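Trainee: This structure is in structure tokens; I'll ask about it shortly.
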Amino acid sequence: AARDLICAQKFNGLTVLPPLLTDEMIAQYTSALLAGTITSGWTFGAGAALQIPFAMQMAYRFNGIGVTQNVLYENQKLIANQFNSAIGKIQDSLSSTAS
Amino acid sequence: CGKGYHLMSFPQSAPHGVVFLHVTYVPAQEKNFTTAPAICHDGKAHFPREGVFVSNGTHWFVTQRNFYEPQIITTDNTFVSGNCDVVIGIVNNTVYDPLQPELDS
Ligand SMILES: *[C@@H]1O[C@H](CO)[C@@H](O)[C@H](O)[C@H]1NC(C)=O
Ligand SMILES: *[C@@H]1O[C@H](CO)[C@@H](O)[C@H](O)[C@H]1NC(C)=O
């Protein structure tokens, strides 16, 4: 077709170098962080990962912010539904809005 | 301030800089236990004040989260909120009352 801008850049001594970590390794690190956060909580950031059920981890998170932990154990289905709806809204806003 | 749970820090001077010695707390040796969110007793749900319910297979205890120090489950270290029909994963156990043996003596 016609000459590209990238070829004009490369023919005058300007080169783009590749990063050391590929996107597969960045996604692997992100997946490891997500798996540790989902299963263990904050225990994997201070040493060995210690398993806990996610409901009890979320009750710990509720006690952190000043709400008593029986609120989660009495509204667990509502809290899970609200989280799922918020994740779906993040999905829809990323599918529609491009700015 | 370092990796782990932070306790202390000590400064030292260096050529064009500073060196921090961070003293932190790391958990070391772990064990598996069976855990529950609440305890059903007398038609009531008991939740721990601070700590977590654990079981070694036979008996149920309450302990602090960052160190294994099991204790007898008592109304002093638990609070009551509602009945057992709304909590998912509630178990059946007895809750000790210190007033009852003092009343009989
Ligand atoms: C706990 O259970 C898991 C799965 O059965 C096992 O791999 C692990 O060795 C056990 N002990 C500790 C201290 O995590
Ligand atoms: C706990 O005891 C009640 C009766 O007091 C019984 O209906 C219920 O099934 C028991 N829970 C379990 C898990 O066996």
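The chains in the structure tokens are called A, B, ... from first to last as shown; in each chain the residues are counted from 1, and the ligands are counted from 1 in the order shown.
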Considering only C-alpha atoms, return as a list in words whatever protein or nucleic-acid residues lie within 7 Å of residue 6 in chain B, sequence-local ones (same chain, fewer than 6 positions apart) excluded.

Mentor: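 Neighbouring residues, sequence-local ones excluded: residues 23, 24 and 25 of chain B.
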
Trainee: Residues of the last selection are to be written out with N, CA and C atoms, as a PDB file, in the first residue's frame.

Mentor:
ATOM      1  N   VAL B  23      11.383  -4.263  62.726  1.00  0.00           N
ATOM      2  CA  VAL B  23      11.132  -5.443  63.542  1.00  0.00           C
ATOM      3  C   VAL B  23       9.656  -5.783  63.403  1.00  0.00           C
ATOM      4  N   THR B  24       9.368  -6.949  62.823  1.00  0.00           N
ATOM      5  CA  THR B  24       8.017  -7.375  62.496  1.00  0.00           C
ATOM      6  C   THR B  24       7.762  -8.779  63.031  1.00  0.00           C
ATOM      7  N   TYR B  25       6.481  -9.141  63.026  1.00  0.00           N
ATOM      8  CA  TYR B  25       5.949 -10.371  63.602  1.00  0.00           C
ATOM      9  C   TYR B  25       5.441 -11.249  62.466  1.00  0.00           C
TER      10      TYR B  25
END

Trainee: Per DSSP on the backbone, what are the helix (DSSP H, G or I) residues of chain A, as a VMD selection string?

Mentor: chain A and resid 5 to 10 23 to 39 43 to 45 54 to 64 70 to 74 76 to 96

Trainee: 9 Å from ligand 1 is the threshold here; counting only C-alpha atoms and all ligand atoms, which polymer residues fall inside it? Answer as a list in words.

Mentor: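 The distance check yields residues 50 and 51 of chain A; 29, 30, 31, 32 and 33 of chain B.
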
Trainee: What residues have any atom no more than 7 Å from ligand 2 when counting only C-alpha atoms and all ligand atoms, and can you list them as an MDAnalysis selection string?

Mentor: chainID B and resid 40 91:92

Trainee: Please report the interatomic distance between CA of residue 36 in chain B and CA of residue 69 in chain A in Å with one decimal.

Mentor: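 Atom-to-atom, CA of residue 36 in chain B to CA of residue 69 in chain A, that is 13.2 Å.
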
Trainee: Write down, as a PyMOL selection string, each residue of chain B that has any atom within 12 Å of an atom of chain A, counting only C-alpha atoms.

Mentor: chain B and resi 2-6+24-39+45-54+65-66+78-90

Trainee: Could you work out how far CA of residue 49 in chain A lies from CA of residue 29 in chain A, giving the answer in Å with one decimal?

Mentor: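 Interatomic distance, CA of residue 29 in chain A to CA of residue 49 in chain A: 15.7 Å.
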
Trainee: Set the distance at 7 Å and use only C-alpha atoms: which residues neighbour residue 74 in chain B once local chain neighbours fewer than 4 positions away are removed? I'd like the list as a list in words.

Mentor: residues 78, 95, 96 and 97 of chain B
